[PDB]
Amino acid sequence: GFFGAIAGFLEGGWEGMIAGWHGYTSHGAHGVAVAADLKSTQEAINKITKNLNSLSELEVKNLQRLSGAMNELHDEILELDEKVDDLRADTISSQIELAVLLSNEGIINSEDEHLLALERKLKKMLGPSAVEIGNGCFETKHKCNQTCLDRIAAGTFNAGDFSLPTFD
């Protein structure tokens, strides 16, 4: 979003990320590794699922016929009744449109916030010997091939596996 654009986050995307919406990439001698973070993707999906349930909870009164107003006899009243129904449908429609707009706004805008959280998951595992660049990337002393990246996504990566220090 606008954060990433100013922060200099990568504006492009990775086709290799298929098992998730968000995750990590790694650049070294192996080339470019790509892994999806299932935890971040699930959180995004759970938020959307809760949002869907929230939108689906809305109840509005049925619009039926007036019981007293008879056809032909009470046509003028029935015209007003038609108008009341029409305006109800109109007003609630725009209100729902607003509620959905704000919902989609939140979801799309939360993308960069997922990345920022993914920064913290990555940072801790990489240990004190890694260097935070700031654009959403970290510079490591060790090699990090596709196999290394997968352990990061799964949250099992240890810094001691490269003789580097960990947060105790």
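We number the residues from 1 along the sequence you see.
Could you settle it for me: does 9 to 17 or 145 to 153 have the higher average Cα B factor in the PDB entry? 145 to 153 has the higher mean C-alpha B-factor.
Going by the mean C-alpha B-factor recorded in the entry, which is higher: 100 to 108 or 127 to 135? Here the higher of the two C-alpha B-factor means belongs to 127 to 135.
Can you tell me whether residue 35 has a C-alpha B-factor in the lowest, middle or highest third compared with the other modelled residues of the same chain? It belongs to the highest third of the chain when residues are ordered by C-alpha B-factor.
Relative to the other modelled residues of the same chain, rank the CA B-factor of residue 27 and answer lowest, middle or highest third. Highest third, going by the recorded CA B-factors of the chain.
Using the B-factors in the PDB entry, rank residue 64's C-alpha atom against the chain and give the third, lowest, middle or highest. Within its chain, residue 64 is a lowest-third residue by C-alpha B-factor, going by the deposited values.
Which third of the chain holds residue 46 when residues are ordered by C-alpha B factor: lowest, middle or highest? It belongs to the middle third of the chain when residues are ordered by C-alpha B-factor.
Within-chain third of residue 140 by Cα B-factor, per the entry: It belongs to the highest third of the chain when residues are ordered by C-alpha B-factor.
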